[PDB]
Amino acid sequence: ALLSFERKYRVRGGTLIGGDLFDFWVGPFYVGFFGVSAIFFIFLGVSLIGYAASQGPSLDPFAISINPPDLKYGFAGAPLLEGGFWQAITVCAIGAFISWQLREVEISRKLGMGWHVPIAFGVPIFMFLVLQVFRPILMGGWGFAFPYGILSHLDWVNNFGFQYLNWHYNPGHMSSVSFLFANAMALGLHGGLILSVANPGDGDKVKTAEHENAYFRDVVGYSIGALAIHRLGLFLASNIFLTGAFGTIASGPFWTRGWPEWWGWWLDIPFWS
Amino acid sequence: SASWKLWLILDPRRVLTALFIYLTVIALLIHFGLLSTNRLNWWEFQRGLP
Amino acid sequence: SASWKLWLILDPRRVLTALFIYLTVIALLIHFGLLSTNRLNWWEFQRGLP
Amino acid sequence: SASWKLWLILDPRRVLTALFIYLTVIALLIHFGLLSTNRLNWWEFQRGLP
Amino acid sequence: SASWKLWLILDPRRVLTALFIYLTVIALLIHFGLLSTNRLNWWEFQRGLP
Amino acid sequence: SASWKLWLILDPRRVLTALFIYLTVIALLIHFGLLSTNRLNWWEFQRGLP
Amino acid sequence: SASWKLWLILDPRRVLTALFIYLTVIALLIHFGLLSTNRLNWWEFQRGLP
Amino acid sequence: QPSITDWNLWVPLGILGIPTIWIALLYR
Amino acid sequence: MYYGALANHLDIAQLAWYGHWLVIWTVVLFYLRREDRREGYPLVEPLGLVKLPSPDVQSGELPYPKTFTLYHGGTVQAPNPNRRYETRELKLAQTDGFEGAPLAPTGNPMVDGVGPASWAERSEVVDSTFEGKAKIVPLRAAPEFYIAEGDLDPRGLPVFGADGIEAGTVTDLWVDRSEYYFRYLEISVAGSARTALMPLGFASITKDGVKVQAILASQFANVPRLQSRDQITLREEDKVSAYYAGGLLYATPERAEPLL
Amino acid sequence: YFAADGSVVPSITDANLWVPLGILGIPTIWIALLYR
Amino acid sequence: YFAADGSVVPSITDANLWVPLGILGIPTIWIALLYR
Amino acid sequence: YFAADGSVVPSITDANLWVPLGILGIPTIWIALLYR
Amino acid sequence: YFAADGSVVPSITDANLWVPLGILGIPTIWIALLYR
Amino acid sequence: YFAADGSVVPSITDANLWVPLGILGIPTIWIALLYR
Amino acid sequence: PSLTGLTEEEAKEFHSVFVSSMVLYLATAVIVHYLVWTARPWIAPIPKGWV
Amino acid sequence: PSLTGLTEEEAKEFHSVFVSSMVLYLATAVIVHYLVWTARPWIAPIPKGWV
Amino acid sequence: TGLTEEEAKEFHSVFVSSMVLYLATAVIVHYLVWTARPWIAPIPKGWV
Amino acid sequence: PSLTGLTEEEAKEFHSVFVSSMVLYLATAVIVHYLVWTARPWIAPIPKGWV
Amino acid sequence: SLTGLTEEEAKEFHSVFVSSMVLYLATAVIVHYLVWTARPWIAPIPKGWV
Amino acid sequence: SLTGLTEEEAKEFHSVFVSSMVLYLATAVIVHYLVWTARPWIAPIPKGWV
Ligand code: BCB
Ligand SMILES: C/C=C1/c2cc3[nH]c4c(c3C)C(=O)[C@H](C(=O)OC)c4c3nc(cc4[nH]c(cc(n2)[C@@H]1C)c(C(C)=O)c4C)[C@@H](C)[C@@H]3CCC(=O)OC/C=C(\C)CCC[C@H](C)CCC[C@H](C)CCCC(C)C
Ligand SMILES: [Fe+3]
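Determination of this PDB entry was carried out by cryo-EM to a resolution of 2.2 Å, according to the record.

Below, the structure written as structure tokens:
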């Protein structure tokens, strides 16, 4: 039940709230107060999803859709079958995400680690909040948020994009996509480099950090470095959502036209017509 | 009977935490589910009837 | 009853703060749920009946 | 009989917690699936019957 | 004959867990697949007949 | 024969696991492939006949 | 001949696993490519005939 | 006219009232 | 009538979907998780209820060991049979009888090396360059390395502890000669004839001085000692870093307590 | 049970009432006895 | 079975009722005997 | 089999019933015999 | 085979049945012999 | 071969049959003869 | 030795106070619910067409 | 040496309190379900055209 | 801390008793539910 | 030491109980399939136009 | 050995493995005959087929 | 040996590997003949073909 090196690290303390009340492990999982709240929200939200799906038109796993209220309801609580279940599950999801992040804070305090992982987890939480809370607040109702369903939230993404006639021309989207592609490519490069150094071939020697620097200085003329590649990976992954949020929040509240026309700021400069 | 020996291995703290979570979630689930119906909602004015 | 021995393993202070947070959340849930009905809303003018 | 020797290698608590979670999931699946039907839903007013 | 030696190699604990998971998966596949048909669905009112 | 020497290099546990997975995959492939035809489906009401 | 010496070198485990995967992929390709045709499909009712 | 003799009032009274009794009669 | 059809309701994409899932889950469960089990496995149950397989046999969840052939010398295996057992007699006592219950230090956890102050049983060898020289060395022993022009030189700066009390003076920087990266500050600690290394990550450095939230000033005296003056072993690096990390949770009792 | 005008008058004699009671009462009894 | 008007009257004699009972009753028996 | 009305009357003599029984019964025998 | 009315009557004498049996039987025999 | 009504009657004497056999049989021989 | 530090005298004191306070809180909740019922009897009788 | 830290006597005391609490909780659940049934009999009898 | 033979026998006895009691009450409950809803309907008229 | 940690005696006892349980599960499956056939004879005879 | 089996364990496992594989394939042959009796899946060459 | 065996186990493995491969290819030949009897898959040159 313990890793062979684990026992010396399982010490008390580091909790944000609860102290010794919930400071314990269940199998490998650390629990804590926010582990308790995470299990509460997870069980409640998944059970509400289950019951609400049972009352929808299809029970095919990919066709299940729990949708927010109509726009007319504004911010009011909706009848459960007409958006109220979506509201409850949204609240449960937010509680679960925040509980998970805070439990990560407690775990990293216990291990003497930097808080980089819960802080990084803050970014997708913030994007979820932009999609489901902040932009709906600016647009004037919970009905602007995305529904819960494997394929139905894709329908929402699709129609949201085409509400601005081509979402590809959104500059925030262009930045976000560039970071997504750069991050996937950089992860491929980094995993490949570490594996190549540790696994040269048949009976060949594990190489060194100088070999890591030499490989990329040969191939592209630059090597960012061992610590710096992890910094860069975190930077690119975070900037996917950090720069996407600007395009998302702007679409509607700050821009009602097609996104291609936004580039009129450049195209229509009077100097070059 | 030796049923009490269960508490020599099962840690009342973790058991009580789990049962508290479990029962509260199930109670909330059942109340929500009933309030979502027409036939068994006890808060709202009755609907689903002619 | 040996029930008081529970407090030798549960730390009353932490139990009380967790219970306070839970009960606050439940009370808010119930108040809001009632205010989301026509029949039992006590803030708004009576809606949902002729 | 020697079946009791299973508990010398299988960790009774693992079986108990696994069964608890597993049977909870199965019971929820059955209850929700039944409520999804017209013929066997026992909460709402009867549907699918002329 | 000497088939019992399999449990000196194959780890009864892992085999029991794997069989539990596997048979659960197969049973769920069959039950839900049959429920997805008209002819062999035993929950809902009979579909697909004149 | 010397065929038994295979188990001195092939790790019977991993062979048995991979064979379990392989045969299960083939069986699911065939059963659900046949259920995906009109002619050899044995669950649903017969389709594809005048 | 010196053919057997190949197995002093070529890692029979890797060869057997890669060959098993290769032949399985080819067999799947052939069976399901044949089923993709009207003429050599043996599962479904005959299609594509005058 | 909601009164003490409304039958359905026993339902909230039963859920609130019964445990309050044995809570005071078991743990105390 | 249609390309891609295999029956009335069987098509190629439908089968390829399940084939893709098979590829994904075979790679994950059959290969990747086995790779994940090359450290810390087999698992141990100090307070277990049942008998597990012996730690010295290939018990089924264990991958077959791979051999890393080191650049400068011998070989290591993964899983490593030599790192399988940990023997240090940790100064920790159970707060409760079960394994899921946290342990409590029996006194001075930072010195003992438990919790966030735990260090791993790394090899007691000096990490080296690919040319065979010691990788991490003070600038006094590596005159060919220097601070880049116009960057803050921290030698001569006062070092203050977490309590704002002055703890020492920076005497040297330790540079990683393979990576060209500064990794340690050497500090002459006030009140003794003794130097303490500190990872550069625990230092907030300004032109006025360097500040260390991790430990109190008085605790700089108990930093683990290097056996050699101008080189450091891997285990020594672990011990020195873990001392300040343990201070993050143990420097004062308040740091181990919750907000509410 | 149904009244004369089709109206519901619940009682202990409703057969369906013994589905919940049976599900709730029966374990409650043998939980009280088995682990005593 | 079906009543004189086509309405269903559930009973212990219903043939299909012995599918669930059989699935539940049979293991319950041999779990009890084989193991303790 | 089919009755005079044509409705299916399930029976133990149904030929197709021995496809599942055969698939289930046959291994059950030799599993019970090869390994015992 | 095709009955005189033109309906299918399966039998052990159908030629095509020996395509699968042959595919399943032939290896089964030599697998039984080669590795014994 | 082709029959009177144009129906196909497969046989060992079909010429095209020896395209696959040729592709299969020929390597099988010079493998068995030359790589054992 | 107790993980909370209570001394079986503090524990008995807290248990008395806590059980009394829980019963008191439930009682005032009961009274408040009765007052609310006199304002809004929230469990309506079975409506005519209800089954 | 117990895994839970409880002695034998504390295990027995906890067992008695736990079983009493569980039984009382389930018994008040049974009573409450009966009262609710008198308010709303939730399992309707087999309707007219139900097969 | 490992389980003893006596403890193993006691747990096994109670576990088997609990499982059998659970399955038996499930059997009775399914009979009652059948009396409320006979869920496996007879073969319909046109069913083949 | 065996790979599983069982002894030879434990291996024999587990093997006997495992085979008995497996055979009992398969046998009750056979009986249950017959009963389900009496409810739903799931393999229909070759239909009229089938080839 | 590389797998940690002895020689006699390898021989006994090989014997039982081959017997089990042969019995599985033989029952597959019998089952395929029974299924053919139910559904003769390889139809004769139809009228226009060339 | 550069890859594990004992220079005679390699001869044995080569012998069995070649025997297995030849048996597999030969039964494939026979099976292809049987399939041809069922479906003569290389049709003669059609009338207008060039
Ligand atoms: C026709 C419409 C289109 C469209 C509509 C669109 C919209 C409206 C938006 C984007 C956005 C985005 N698009 Mg774009 N899209 C992108 C890629 C992207 C992303 C880079 C970016 C951010 C995604 C995001 O915010 O997820 C959000 C993901 C979140 C919030 C994850 C939350 C996770 C949570 C915190 C944790 C959840 C945990 C689980 C519940 C737990 C699971 C438990 C386990 C155990 C089972 C590409 C590469 C392309 C291409 C190839 O053309 C494209 C085309 C389109 N997009 C179409 C043109 N897309 C967003 C953006 O930033 O735009 C500027 C955005 O708003
Ligand atoms: C820019 C940085 C990014 C980033 C970063 C990081 N990501 C992290 C971490 C960091 C740093 C962690 O530390 C944390 C973790 O532990 O990792 C292992 C985590 C995790 N990232 C997950 C999912 C994930 N990351 C996505 C995106 C990015 N991640 C981007 C790219 C996406 C996308 C894009 O779809 C997904 C789906 C989980 C696997 C895990 C959270 C577990 C959780 O929260 O537990 C608590 C909650 C649950 C286990 C379930 C809660 C279920 C609710 C109650 C009911 C469902 C509600 C829901 C709204 C329904 C949706 C329906 C759907 C069809 C529409
Ligand atoms: Fe890395």
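**Observations concerning the overall build of chain S**
Scanning chain S from terminus to terminus reveals one helix and zero strands. A compact globule built from 50 residues should have a C-alpha radius of gyration of about 10 Å, whereas chain S, at 20 Å, is more than 25% larger. Principal axes of the C-alpha set define a box for chain S whose edges measure 60 × 25 × 10 Å. Here chain S, with 50 residues, has 44% of them falling under the buried criterion. Accessible surface, chain S: about 2,400 Å² in total, of which carbon and sulfur atoms supply 69%.

**What about the interface of chain A and chain I?**
Between chain A and chain I, the contact holds 40 residues from the first and 48 residues from the second. Between chain A and chain I, the buried area comes to about 3,600 Å², and carbon and sulfur atoms account for 57% of it. Together, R7, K8 and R12 of chain A form the three largest contributors to the area buried by chain A at its contact with chain I, with a combined 20%. Summed over the shared surface of chain A and chain I, the result is two salt bridges.

**Structural notes on the UniProt feature "transmembrane region" (unreviewed entry) in chain S**
In the numbering used here, UniProt assigns the "transmembrane region" (unreviewed entry) feature to residues 16-36 of chain S. End C-alpha to end C-alpha, residues 16-36 of chain S measures 30 Å, and it is 100% helix and 0% strand.

**Description of the coordination of the magnesium atom of ligand 1**
When only protein atoms are considered, the magnesium atom of ligand 1 has one donor, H173 of chain A (NE2), at a distance of 2.2 Å. Within the secondary structure, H173 of chain A sits in helix α5 (residues 171-198).

**Some thoughts on the pattern of salt bridges**
Residues and elements named next belong to chain I. Applying the stated criterion across every chain, the model contains 38 salt bridges over all chains. Measuring nitrogen to oxygen at the nearest pair gives 2.4 Å for the salt bridge that ties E186 to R140. Taken together, the positions of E186 in strand β8 (residues 181-189) and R140 in the loop between β5 (136-138) and β6 (158-160) put the pair 46 residues apart, joining distant regions of the chain. Of the residues examined, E186 reaches a relative accessible area of 3% and is grouped as buried.

**Some words on the side chain of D11 of chain E**
Secondary-structure assignment places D11 of chain E in the segment before α1 (12-35). Discounting chain neighbours no more than four positions away, the residues touching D11 of chain E are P53 and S59 of chain I together with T4 of chain R.

**Here's the deal with unusual backbone geometry**
Put simply, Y41 of chain I and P42 of chain I share a cis peptide bond, and its omega is 5°. Relative to the helices and strands, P42 of chain I is located in the loop between α1 (12-36) and β1 (66-69). Looking along the chain, the bond that leaves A78 of chain I and enters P79 of chain I is cis, with omega of 0°. Mapped onto the elements, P79 of chain I comes out in the loop between β2 (75-78) and β3 (92-94). Positive phi is not limited to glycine here, since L165 of chain A has a value of about 70°. Relative to the helices and strands, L165 of chain A resides in the loop between α4 (152-162) and α5. One non-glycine residue with positive phi stands out, namely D11 of chain D, at about 60°.

**Digging into the site of ligand 1**
Residue and element names in this part refer to chain A. Taken together, 23 residues lie around ligand 1, and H168, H173, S176, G244 and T248 are the ones closest in. A distance of 2.4 Å separates an oxygen atom of ligand 1 from a polar atom in the side chain of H168. Within the backbone of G244, a nitrogen or oxygen atom sits 3.3 Å from an oxygen atom of ligand 1. When contributions to the shell around ligand 1 are tallied by element, the ones reaching two or more residues are α3 (116-139), α4, α5 and α7 (226-250). A per-element tally of the shell around ligand 1 places α5 first, with six residues.

Reading the values: the criteria
The numbering shown runs from 1 along each chain in the order of its written sequence and may not match that of the entry; residues for which no coordinates exist are omitted. In the order they appear in the text, chains get letters beginning with A and ligands get numbers beginning with 1. As shown, the structure covers only some chains of a larger assembly, and all values describe those chains. Remark: hydrogens and water are excluded; side-chain values derive from all non-hydrogen atoms of the structure. What counts as a helix is a DSSP run of H or I of at least four residues, what counts as a strand is a run of E of at least two, and both are numbered from the N terminus. Values of the radius of gyration come from C-alpha atoms, whereas the globule rule sets the reference at 2.2 Å times the count of residues to the power 0.38. Each residue gets one of three labels from its accessible area relative to the maximum for its type: buried under 20%, exposed over 50%, partly exposed in between, using a 1.4 Å probe on protein chains only. Residue exposure ignores everything except the shown protein chains as possible cover, and the areas themselves are Shrake-Rupley values with a 1.4 Å probe. Two residues qualify as a contact provided that any one of their heavy atoms is within 4.5 Å of a heavy atom in the partner residue. Put simply, buried area is how much 1.4 Å-probe accessible surface two parts lose in total, over both of them, once they are put together. Throughout this description, the term salt bridge denotes a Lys or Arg side-chain nitrogen within 4 Å of a carboxyl oxygen of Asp or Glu. UniProt positions are given in the numbering used here, feature names are shortened, and annotations may be inferred rather than shown by experiment. Coordinating donors are taken as N, O and S atoms within 2.8 Å of the metal, stretched to 3.2 Å for Na, K and Ca; because water is absent from the atoms, sites can appear incomplete. Residues are classed as near a molecule or strand on a simple rule: at least one heavy atom within 4 Å of it. Whenever two N or O atoms come within 3.5 Å, that pair is a polar contact, provided that in protein one can donate a hydrogen and the other can accept it, and provided that, for residues adjacent in sequence, both atoms are side-chain atoms.

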